[PDB]
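Below you'll find the structure, written out as structure tokens, and then a few comments.
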2 protein chains.
Amino acid sequence: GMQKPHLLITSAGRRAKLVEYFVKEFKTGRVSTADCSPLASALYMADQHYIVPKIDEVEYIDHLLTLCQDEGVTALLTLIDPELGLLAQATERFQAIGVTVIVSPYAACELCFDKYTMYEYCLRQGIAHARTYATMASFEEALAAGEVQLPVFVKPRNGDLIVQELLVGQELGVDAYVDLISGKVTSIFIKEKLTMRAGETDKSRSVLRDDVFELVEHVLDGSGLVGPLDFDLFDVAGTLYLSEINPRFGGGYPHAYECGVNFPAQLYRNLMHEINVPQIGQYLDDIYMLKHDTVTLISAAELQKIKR
Amino acid sequence: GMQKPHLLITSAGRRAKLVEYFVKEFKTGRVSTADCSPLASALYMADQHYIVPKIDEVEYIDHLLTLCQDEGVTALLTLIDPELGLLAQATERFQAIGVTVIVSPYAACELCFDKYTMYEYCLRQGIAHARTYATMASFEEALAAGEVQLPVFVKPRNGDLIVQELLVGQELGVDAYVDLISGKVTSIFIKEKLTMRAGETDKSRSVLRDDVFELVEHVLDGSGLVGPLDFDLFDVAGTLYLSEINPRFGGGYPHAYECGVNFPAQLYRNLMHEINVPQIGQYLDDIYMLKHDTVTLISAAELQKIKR
């Protein structure tokens, strides 16, 4: 409705706390969730939850378009990297049914998704980044020339492999929001990643650093990246290395939220056609986030009340 | 006090939900926490939390005894395997200051902690268990005789290594409580482990199975194991294999709690000198548990209000 957005959060998975934040901040309208598994905990943080195909299934987008029309969805957001480009590529189909896909442009999503293209972007822009190799020959050459040392990370190329320089330093997880109307960066939240758990930031400390703010602003300036964003950085002997740009909410976003940096409220305001006023660095440093498991119980019968 | 126990939970770590359960069920008295790191989330679920030495430091027990006397602690419980034997061995020192250590006897803790001695126990008792080898020669012999196949798990011996038969089947996490006064098993909660996350049960389904109840009862009968316990089992083609006995709360305990199987209340009752009435299998099957992260924020100044 005119005053009531209906946000569908797809690939909700385990991001229960994030969906809770959205439910709380959508003061009018509705927040619904979708995932391919009924065992995704985040599904049950919203009133309406739907089982959809897996993102790699051919009929995924066809199904989302039909779900959107049937359930009066006005906007769509994914929480996972592999779905970003898929939704970006399909934006015109969603626009043809009146649905706004909250995703950065396709080319930007794909540039960020492929670790090698991301590296090439950094080299062009003058942004520090771990030396990265897409072929075995170039890695051997680099070892031969002393350009890279013995200990190394071998990662998959997307998210074919890549080998890259082992960066030893303080890892930083930066949450950033680019206003969907004005195109300006409105908030940046920087945390030191202290402890990792199952590939996510489990413990962290908020920090205020002009260098990180300036680096992120410079990178976002003219990028075309919009909405909630995540930057992975490394402070290595006082120099900031860009490791990843993930055009979606970072797993450490709850730190930002609890410190007053509210992307779901800004997103809600943008769907209500309001521009958010930029307020960069208006949070407290030296605030620690410590994650811990809580639980949701659901009976098989209650689980069976959806499953298509 | 006579009506007021003071339970200290050591090595609280990340078990925030479990400490919350204890705070709720200790209707009189107090529940406090301890850990070696101020970044242990479970610390802040209790009113009084203390930083103690690491469990392997020589002065650990000396420090716990002094903390207990200074803070009027009446009972002590650990949440980690490596501390069980340490506290069991020191029980008389705690008894000399009037403190009840809630731990199974030392020999039992050590038999359960060492994977090889646990295997030998099973062989003696007729309990199915994965073929396990403490030497490289015996593993080669077993491969030579066709007693073990190509794919294998290599685990550390405690919690020197061991190699053992790769069990392929439905993994079961059984929570069990043995009454501290009567010595009888009062509750057994069985869940199928569906998904693992960082070595813990993340998703599970409650089940009612006579075979598991009987196996656990038979194992506990005359064992000397007391208080909260955790059994790791595998259903492999209809046969139950015993994988682990961990004489402490299992990581999937919140499933049991939320289904009405309340060990913290039973523990509280035992410290209030009440025997718990056995009520085995009085819960609903087909109830799924789905864990998800919540958060605790703490400032560095607030963190600094303890740290010894």
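Every chain in the structure tokens has a letter given in the order shown (A, B, ...), and although residue numbers restart at 1 in each chain, ligands are simply numbered from 1 in the order shown.
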Query raised in the report: Can you tell me, as a ChimeraX atom specification, what residues are no more than 9 Å from residue 201 of chain A when counting only C-alpha atoms, ignoring any on the same chain fewer than 2 positions away?
Result: /A:173,193-199,203-204,250-252,291
Taking only residues of chain A that have an atom at most 6 Å from an atom of chain B, what is each one's shortest atom pair and its distance in Å to one decimal, using only C-alpha atoms, in chain and number order, as a tab-separated table?
residue	atom	partner	partner_atom	distance
A:41	CA	B:290	CA	5.7
A:198	CA	B:198	CA	5.4
A:286	CA	B:300	CA	5.6
A:287	CA	B:299	CA	4.3
A:288	CA	B:298	CA	5.3
A:289	CA	B:297	CA	4.8
A:290	CA	B:296	CA	5.4
A:291	CA	B:295	CA	4.5
A:292	CA	B:293	CA	5.3
A:293	CA	B:293	CA	4.5
A:294	CA	B:292	CA	5.5
A:295	CA	B:291	CA	4.5
A:296	CA	B:290	CA	5.4
A:297	CA	B:289	CA	4.8
A:298	CA	B:288	CA	5.3
A:299	CA	B:287	CA	4.3
A:300	CA	B:286	CA	5.6
Query - Members of segment 34-99 of chain A assigned strand (DSSP E or B) by DSSP, as a list in words - result: residues 34, 35, 49, 50, 51, 75, 76, 77 and 78 of chain A
Could you save the residues just selected, with N, CA, C and O atoms, as a PDB file, in the first residue's frame?
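As written to disk, again_6.pdb reads:
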ATOM      1  N   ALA A  34      11.732 -15.665   3.249  1.00  0.00           N
ATOM      2  CA  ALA A  34      11.755 -16.856   2.404  1.00  0.00           C
ATOM      3  C   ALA A  34      13.104 -17.539   2.454  1.00  0.00           C
ATOM      4  O   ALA A  34      14.133 -16.899   2.705  1.00  0.00           O
ATOM      5  N   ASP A  35      13.066 -18.859   2.261  1.00  0.00           N
ATOM      6  CA  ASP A  35      14.257 -19.722   2.215  1.00  0.00           C
ATOM      7  C   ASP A  35      13.869 -21.060   1.544  1.00  0.00           C
ATOM      8  O   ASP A  35      12.686 -21.363   1.407  1.00  0.00           O
ATOM      9  N   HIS A  49       6.158 -16.454   6.297  1.00  0.00           N
ATOM     10  CA  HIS A  49       7.401 -17.088   5.847  1.00  0.00           C
ATOM     11  C   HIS A  49       7.011 -18.077   4.751  1.00  0.00           C
ATOM     12  O   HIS A  49       5.963 -18.714   4.862  1.00  0.00           O
ATOM     13  N   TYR A  50       7.855 -18.195   3.718  1.00  0.00           N
ATOM     14  CA  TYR A  50       7.592 -19.049   2.558  1.00  0.00           C
ATOM     15  C   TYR A  50       8.800 -19.901   2.169  1.00  0.00           C
ATOM     16  O   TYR A  50       9.947 -19.463   2.283  1.00  0.00           O
ATOM     17  N   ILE A  51       8.530 -21.119   1.704  1.00  0.00           N
ATOM     18  CA  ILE A  51       9.546 -22.011   1.194  1.00  0.00           C
ATOM     19  C   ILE A  51       9.556 -21.734  -0.312  1.00  0.00           C
ATOM     20  O   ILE A  51       8.506 -21.730  -0.966  1.00  0.00           O
ATOM     21  N   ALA A  75       8.796  -4.873  -2.063  1.00  0.00           N
ATOM     22  CA  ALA A  75      10.264  -4.820  -2.145  1.00  0.00           C
ATOM     23  C   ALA A  75      10.893  -6.146  -1.730  1.00  0.00           C
ATOM     24  O   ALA A  75      10.310  -6.912  -0.939  1.00  0.00           O
ATOM     25  N   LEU A  76      12.084  -6.389  -2.270  1.00  0.00           N
ATOM     26  CA  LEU A  76      12.812  -7.634  -2.070  1.00  0.00           C
ATOM     27  C   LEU A  76      14.293  -7.343  -1.735  1.00  0.00           C
ATOM     28  O   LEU A  76      14.906  -6.425  -2.289  1.00  0.00           O
ATOM     29  N   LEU A  77      14.834  -8.122  -0.815  1.00  0.00           N
ATOM     30  CA  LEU A  77      16.227  -8.024  -0.367  1.00  0.00           C
ATOM     31  C   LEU A  77      16.716  -9.445  -0.094  1.00  0.00           C
ATOM     32  O   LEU A  77      15.974 -10.235   0.494  1.00  0.00           O
ATOM     33  N   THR A  78      17.935  -9.783  -0.525  1.00  0.00           N
ATOM     34  CA  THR A  78      18.554 -11.074  -0.166  1.00  0.00           C
ATOM     35  C   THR A  78      19.638 -10.813   0.867  1.00  0.00           C
ATOM     36  O   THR A  78      20.172  -9.713   0.972  1.00  0.00           O
TER      37      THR A  78
END
Report task. Between atom CA of residue 91 of chain A and atom CA of residue 79 of chain A, measure the distance and give it in Å to one decimal. Result -> 16.3 Å
Report task. Quick one: everything within 12 Å of residue 68 of chain B, counting only C-alpha atoms, minus sequence neighbours fewer than 3 positions away in the same chain. Send it as number ranges by chain. Result -> B: 6-10, 32-34, 50, 52, 61-65, 71-76, 93-101
Those residues you just picked out, can you put them in a file as a PDB file, in the first residue's frame with C-alpha atoms?
ATOM      1  CA  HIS B   6      25.287 -20.207  45.717  1.00  0.00           C
ATOM      2  CA  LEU B   7      26.174 -22.123  42.550  1.00  0.00           C
ATOM      3  CA  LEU B   8      29.399 -21.043  40.762  1.00  0.00           C
ATOM      4  CA  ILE B   9      29.468 -22.071  37.057  1.00  0.00           C
ATOM      5  CA  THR B  10      33.127 -22.180  35.886  1.00  0.00           C
ATOM      6  CA  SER B  32      27.424 -16.838  39.602  1.00  0.00           C
ATOM      7  CA  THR B  33      29.803 -17.436  36.693  1.00  0.00           C
ATOM      8  CA  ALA B  34      33.570 -17.658  36.083  1.00  0.00           C
ATOM      9  CA  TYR B  50      34.618 -13.486  37.994  1.00  0.00           C
ATOM     10  CA  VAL B  52      39.839 -16.824  37.063  1.00  0.00           C
ATOM     11  CA  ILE B  61      42.313 -24.774  42.037  1.00  0.00           C
ATOM     12  CA  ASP B  62      43.988 -22.574  44.767  1.00  0.00           C
ATOM     13  CA  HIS B  63      42.257 -19.586  43.151  1.00  0.00           C
ATOM     14  CA  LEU B  64      38.844 -21.313  42.937  1.00  0.00           C
ATOM     15  CA  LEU B  65      39.016 -22.308  46.612  1.00  0.00           C
ATOM     16  CA  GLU B  71      32.078 -15.097  47.639  1.00  0.00           C
ATOM     17  CA  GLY B  72      30.149 -17.595  49.846  1.00  0.00           C
ATOM     18  CA  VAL B  73      29.919 -20.221  47.098  1.00  0.00           C
ATOM     19  CA  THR B  74      28.131 -23.395  48.262  1.00  0.00           C
ATOM     20  CA  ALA B  75      28.414 -25.470  45.038  1.00  0.00           C
ATOM     21  CA  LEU B  76      30.518 -25.612  41.880  1.00  0.00           C
ATOM     22  CA  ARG B  93      39.790 -29.552  49.074  1.00  0.00           C
ATOM     23  CA  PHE B  94      36.413 -28.045  48.205  1.00  0.00           C
ATOM     24  CA  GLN B  95      34.805 -30.238  50.914  1.00  0.00           C
ATOM     25  CA  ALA B  96      37.396 -28.870  53.390  1.00  0.00           C
ATOM     26  CA  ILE B  97      35.885 -25.336  52.772  1.00  0.00           C
ATOM     27  CA  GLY B  98      32.278 -26.661  52.733  1.00  0.00           C
ATOM     28  CA  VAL B  99      31.842 -26.525  48.922  1.00  0.00           C
ATOM     29  CA  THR B 100      30.054 -29.308  46.952  1.00  0.00           C
ATOM     30  CA  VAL B 101      31.668 -29.937  43.556  1.00  0.00           C
TER      31      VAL B 101
END
Query raised in the report: Which residue, A:268, A:139, A:119, A:263, has the smallest gap to residue 163 of chain A when you use only C-alpha atoms?
Result: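 Answer, going by the shortest atom-to-atom distance: A:139.
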